[PDB]
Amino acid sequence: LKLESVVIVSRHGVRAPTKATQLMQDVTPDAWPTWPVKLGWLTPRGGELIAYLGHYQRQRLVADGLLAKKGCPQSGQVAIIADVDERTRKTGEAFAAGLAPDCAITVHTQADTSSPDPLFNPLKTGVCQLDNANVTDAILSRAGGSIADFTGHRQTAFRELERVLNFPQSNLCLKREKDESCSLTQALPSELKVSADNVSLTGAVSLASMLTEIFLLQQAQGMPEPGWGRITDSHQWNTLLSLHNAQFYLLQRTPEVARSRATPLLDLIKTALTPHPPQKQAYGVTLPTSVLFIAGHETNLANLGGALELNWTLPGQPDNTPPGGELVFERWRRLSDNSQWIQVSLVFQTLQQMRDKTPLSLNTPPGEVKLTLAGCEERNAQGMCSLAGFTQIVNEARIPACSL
């Protein structure tokens, strides 16, 4: 098996909280920690960690004979594509710096940087629209037929998150004027909101998913005592993040939402893995190429795993699609019979690897889970999906109206 091609779909790195609203301040008596960068901006530490990942992959790709040990990679050998958010553009710059330092590798973004990128947001940009009847039904089925059903299984994790927050002493909890229950699910009833370009949950679910991610972010960023020192063992970490992981299982991994949102990415990956005459398609980037790096969001990876049926969990990582988490796709050729095979994987730093700023390397690698396409009918011994089967899964998952 000769390794021929590699498409890495990565999440951005450790970033500042995206939002810092007055609801977040009102659910806890304690002050939220400041960050070194503006909201939603990648932090230097996040870049370095992403850089480590860039360095490990370089080594590993050398080892597989895909890249050259010494000096910068050949022209066109590496391609970086990144969404317009600073965090994603910086994450692309950070990866390059680690994969091949001091080489001038361009990070290719959408020209108008203040517009969404259709390749990362085909719904918010007009390419296609979710169907309300089918998307709501399907989300409600996944919830177990109702949102009440869903949030009923969440009371344990809300109890733990209420504790970490010190919710009873919170400005909101005093709803309780001088007759109303303090309970977090009862103060913020969750509500499924589906439209043509967006599906969301308003209430404790959306906010629990956000604050647990902030906790997790504080951990990877090295900040002293995340959760105000109220998170103390991995059990508590896994119980909190259950809320984040669970709000992505429902919204992002529903296929009637995942197939649509992810079709431009499916079409990009598809075109980067197929042996084909050289082609400068999107972002001025010629495909196919050796290593293609795509810097996106947790939603892009969730959508891909829902549409492709790649279900995974990251031992040592409470966040299922953590900062810098990578869905790696590789085309290997079998020399015996000259056939193309596809292999998928989740590469990642464990939360302790982020909080120790551990330097990755061949001998200090990151977590890595090997995935298999549920639907693939043509596997090798290694459990790789044939290029034909993988192509056929993609064509079945993709939603043509949502292609760029």
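Residue numbers run from 1 along the displayed sequence.
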Quick one: higher average CA temperature factor, 10 to 18 or 377 to 385? 377 to 385
Take the C-alpha B-factors listed in the entry for 26 to 34 and for 346 to 354, compute each mean, and give the stretch with the larger one. 26 to 34
Say you rank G222, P277, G325, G229 by Cα B-factor from the PDB entry; which sits at the top? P277
For the listed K178, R259, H153, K270, which has the peak Cα B-factor recorded in the PDB entry? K178
Binned into thirds over the chain's modelled residues, the C-alpha B-factor of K70 lands in the highest
Chain-relative CA temperature factor third for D102: highest
Compare the C-alpha B factor of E309 with those of the other modelled residues in its chain, then answer lowest, middle or highest third. highest
With respect to C-alpha B-factor, does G76 fall in the lowest, middle or highest third of the chain as deposited? highest
Lowest, middle or highest third of the chain for the C-alpha temperature factor of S361? highest
